[PDB]
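Heads up: the structure comes next, in structure tokens.
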Amino acid sequence: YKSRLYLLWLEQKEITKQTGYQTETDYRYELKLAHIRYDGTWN
Amino acid sequence: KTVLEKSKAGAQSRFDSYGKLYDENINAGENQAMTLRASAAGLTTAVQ
């Protein structure tokens, strides 16, 4: 993107919905985006 | 004359020895040591 290398990955977290009596395992999602810098390190 | 020729050869040995040390001032090893110190101090933006 604009002549810079970017990484873009989907990442998952498991959360716990309550259903009351009981509770339940549930997942949520987020998109992470990082890019390389001029000295080869990543933001 | 033999006494001064041994003094001549002794001073010529030092002149060649310190001239060799001066011209080749930093070794391949001493250059690698500075490079490692420079690389160890370049990590501060990646640690941050």
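Note on naming: chains are A, B, ... as they come in the structure tokens, residues start from 1 per chain, ligands start from 1 in the order shown.
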
Sorted per-residue table, chain B near chain A, closest atoms and distance, 12 Å, only C-alpha atoms, as a tab-separated table:
```
residue	atom	partner	partner_atom	distance
B:39	CA	A:39	CA	11.9
B:42	CA	A:39	CA	9.2
B:43	CA	A:41	CA	8.9
B:44	CA	A:41	CA	10.1
B:45	CA	A:41	CA	7.4
B:46	CA	A:41	CA	5.9
B:47	CA	A:41	CA	9.6
B:48	CA	A:43	CA	9.3
```

Same residues, N, CA, C and O atoms, output as an mmCIF file, in the first residue's frame:
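Just written: result_30.cif:
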```
data_model
loop_
_atom_site.group_PDB
_atom_site.id
_atom_site.type_symbol
_atom_site.label_atom_id
_atom_site.label_comp_id
_atom_site.auth_asym_id
_atom_site.auth_seq_id
_atom_site.Cartn_x
_atom_site.Cartn_y
_atom_site.Cartn_z
ATOM 1 N N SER B 39 24.938 -2.612 16.280
ATOM 2 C CA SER B 39 23.710 -3.364 16.077
ATOM 3 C C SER B 39 22.926 -3.483 17.373
ATOM 4 O O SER B 39 21.693 -3.520 17.361
ATOM 5 N N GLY B 42 20.891 -0.383 17.827
ATOM 6 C CA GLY B 42 19.865 -0.115 16.845
ATOM 7 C C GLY B 42 18.541 -0.765 17.120
ATOM 8 O O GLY B 42 17.643 -0.709 16.282
ATOM 9 N N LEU B 43 18.391 -1.390 18.281
ATOM 10 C CA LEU B 43 17.174 -2.122 18.592
ATOM 11 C C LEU B 43 16.122 -1.279 19.272
ATOM 12 O O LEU B 43 15.040 -1.798 19.540
ATOM 13 N N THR B 44 16.397 -0.003 19.534
ATOM 14 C CA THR B 44 15.547 0.768 20.431
ATOM 15 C C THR B 44 14.210 1.119 19.797
ATOM 16 O O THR B 44 13.244 1.406 20.507
ATOM 17 N N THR B 45 14.127 1.093 18.473
ATOM 18 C CA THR B 45 12.852 1.386 17.835
ATOM 19 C C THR B 45 11.999 0.138 17.702
ATOM 20 O O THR B 45 10.777 0.237 17.574
ATOM 21 N N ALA B 46 12.614 -1.040 17.748
ATOM 22 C CA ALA B 46 11.858 -2.276 17.639
ATOM 23 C C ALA B 46 11.384 -2.732 19.003
ATOM 24 O O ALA B 46 10.325 -3.352 19.128
ATOM 25 N N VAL B 47 12.169 -2.445 20.037
ATOM 26 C CA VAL B 47 11.747 -2.715 21.406
ATOM 27 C C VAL B 47 10.583 -1.822 21.784
ATOM 28 O O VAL B 47 9.626 -2.264 22.425
ATOM 29 N N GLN B 48 10.621 -0.569 21.344
ATOM 30 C CA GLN B 48 9.567 0.378 21.670
ATOM 31 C C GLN B 48 8.250 0.004 21.016
ATOM 32 O O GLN B 48 7.197 0.090 21.649
#
```

Nearby residues (only C-alpha atoms) at most 10 Å from residue 26 of chain A, same-chain spacing under 6 positions excluded, as a PyMOL selection string: chain A and resi 13-18

Would you work out the distance separating atom CA of residue 11 of chain B from atom CA of residue 23 of chain B, expressed in Å to one decimal?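 If I compute the distance from atom CA of residue 11 of chain B to atom CA of residue 23 of chain B, I get 17.9 Å.
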
Could you give me, as a list in words, each residue of chain A that DSSP assigns to strand (DSSP E or B) when run on this structure's backbone?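 Of chain A, only residues 6, 7, 8, 9, 10, 11, 12, 13, 14, 15, 16, 17, 18, 23, 24, 25, 26, 27, 28, 29, 30, 31, 32, 33, 34, 35, 36 and 42 of chain A fall in strand (DSSP E or B).
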
Pull C-alpha atoms from the residues just selected and write them as a PDB file, in the first residue's frame.
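Written output follows (out_20.pdb):
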```pdb
ATOM      1  CA  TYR A   6       1.795  -4.033   4.952  1.00  0.00           C
ATOM      2  CA  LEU A   7       0.634  -7.121   6.787  1.00  0.00           C
ATOM      3  CA  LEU A   8      -3.040  -7.599   7.424  1.00  0.00           C
ATOM      4  CA  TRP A   9      -4.306 -10.496   9.488  1.00  0.00           C
ATOM      5  CA  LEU A  10      -7.540 -11.541  11.113  1.00  0.00           C
ATOM      6  CA  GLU A  11      -7.247 -12.363  14.793  1.00  0.00           C
ATOM      7  CA  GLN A  12      -9.717 -14.209  17.001  1.00  0.00           C
ATOM      8  CA  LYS A  13     -10.573 -13.881  20.683  1.00  0.00           C
ATOM      9  CA  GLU A  14     -12.916 -16.149  22.584  1.00  0.00           C
ATOM     10  CA  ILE A  15     -15.333 -14.420  24.927  1.00  0.00           C
ATOM     11  CA  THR A  16     -18.028 -15.807  27.193  1.00  0.00           C
ATOM     12  CA  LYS A  17     -21.661 -14.926  26.549  1.00  0.00           C
ATOM     13  CA  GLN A  18     -24.057 -15.326  29.444  1.00  0.00           C
ATOM     14  CA  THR A  23     -23.074 -19.254  30.095  1.00  0.00           C
ATOM     15  CA  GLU A  24     -21.603 -19.961  26.674  1.00  0.00           C
ATOM     16  CA  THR A  25     -18.334 -19.715  24.724  1.00  0.00           C
ATOM     17  CA  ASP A  26     -18.396 -17.151  21.911  1.00  0.00           C
ATOM     18  CA  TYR A  27     -15.844 -15.656  19.532  1.00  0.00           C
ATOM     19  CA  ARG A  28     -15.117 -12.136  18.397  1.00  0.00           C
ATOM     20  CA  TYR A  29     -12.902 -10.948  15.572  1.00  0.00           C
ATOM     21  CA  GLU A  30     -10.544  -8.095  14.878  1.00  0.00           C
ATOM     22  CA  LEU A  31      -8.387  -7.020  11.976  1.00  0.00           C
ATOM     23  CA  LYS A  32      -4.783  -6.126  12.632  1.00  0.00           C
ATOM     24  CA  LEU A  33      -2.628  -4.097  10.281  1.00  0.00           C
ATOM     25  CA  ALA A  34       1.099  -3.474  10.536  1.00  0.00           C
ATOM     26  CA  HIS A  35       3.691  -2.059   8.168  1.00  0.00           C
ATOM     27  CA  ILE A  36       7.430  -2.080   7.801  1.00  0.00           C
ATOM     28  CA  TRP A  42       7.754  -3.128  11.965  1.00  0.00           C
TER      29      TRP A  42
END
```

Between atom CA of residue 7 of chain B and atom CA of residue 19 of chain B, what is the distance, to one decimal in Å?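 Straight-line distance from atom CA of residue 7 of chain B to atom CA of residue 19 of chain B works out to 18.0 Å.
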
All alpha helix (DSSP H) residues (DSSP, backbone) inside chain B, as a PyMOL selection string: chain B and resi 2-23+28-40+44-47

I need the chosen residues saved as a PDB file, in the first residue's frame, with C-alpha atoms.
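Listed below is the output, part-v2.pdb:
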```pdb
ATOM      1  CA  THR B   2      79.068  -3.651  12.747  1.00  0.00           C
ATOM      2  CA  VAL B   3      77.713  -2.050  15.936  1.00  0.00           C
ATOM      3  CA  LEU B   4      75.826   0.606  14.005  1.00  0.00           C
ATOM      4  CA  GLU B   5      74.518  -1.899  11.472  1.00  0.00           C
ATOM      5  CA  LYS B   6      72.879  -3.834  14.283  1.00  0.00           C
ATOM      6  CA  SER B   7      71.432  -0.552  15.511  1.00  0.00           C
ATOM      7  CA  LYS B   8      70.334   0.131  11.948  1.00  0.00           C
ATOM      8  CA  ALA B   9      68.587  -3.225  11.706  1.00  0.00           C
ATOM      9  CA  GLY B  10      66.941  -2.748  15.086  1.00  0.00           C
ATOM     10  CA  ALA B  11      65.512   0.634  14.180  1.00  0.00           C
ATOM     11  CA  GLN B  12      64.438  -0.731  10.804  1.00  0.00           C
ATOM     12  CA  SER B  13      62.535  -3.508  12.548  1.00  0.00           C
ATOM     13  CA  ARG B  14      60.611  -1.032  14.703  1.00  0.00           C
ATOM     14  CA  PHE B  15      59.936   1.216  11.732  1.00  0.00           C
ATOM     15  CA  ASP B  16      58.472  -1.708   9.832  1.00  0.00           C
ATOM     16  CA  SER B  17      56.524  -2.952  12.841  1.00  0.00           C
ATOM     17  CA  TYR B  18      54.864   0.298  13.833  1.00  0.00           C
ATOM     18  CA  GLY B  19      54.349   1.180  10.192  1.00  0.00           C
ATOM     19  CA  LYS B  20      52.505  -2.095   9.743  1.00  0.00           C
ATOM     20  CA  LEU B  21      50.365  -1.430  12.809  1.00  0.00           C
ATOM     21  CA  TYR B  22      49.623   2.108  11.669  1.00  0.00           C
ATOM     22  CA  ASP B  23      48.645   1.260   8.097  1.00  0.00           C
ATOM     23  CA  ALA B  28      38.853  -7.458  10.875  1.00  0.00           C
ATOM     24  CA  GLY B  29      38.119  -8.423  14.462  1.00  0.00           C
ATOM     25  CA  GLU B  30      38.078  -4.872  15.807  1.00  0.00           C
ATOM     26  CA  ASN B  31      35.748  -3.940  12.964  1.00  0.00           C
ATOM     27  CA  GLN B  32      33.355  -6.744  13.887  1.00  0.00           C
ATOM     28  CA  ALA B  33      33.319  -5.594  17.494  1.00  0.00           C
ATOM     29  CA  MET B  34      32.210  -2.078  16.566  1.00  0.00           C
ATOM     30  CA  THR B  35      29.552  -3.512  14.259  1.00  0.00           C
ATOM     31  CA  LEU B  36      28.073  -5.534  17.109  1.00  0.00           C
ATOM     32  CA  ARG B  37      27.988  -2.482  19.364  1.00  0.00           C
ATOM     33  CA  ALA B  38      26.227  -0.574  16.604  1.00  0.00           C
ATOM     34  CA  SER B  39      23.710  -3.364  16.077  1.00  0.00           C
ATOM     35  CA  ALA B  40      22.967  -3.630  19.792  1.00  0.00           C
ATOM     36  CA  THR B  44      15.547   0.768  20.431  1.00  0.00           C
ATOM     37  CA  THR B  45      12.852   1.386  17.835  1.00  0.00           C
ATOM     38  CA  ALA B  46      11.858  -2.276  17.639  1.00  0.00           C
ATOM     39  CA  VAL B  47      11.747  -2.715  21.406  1.00  0.00           C
TER      40      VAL B  47
END
```
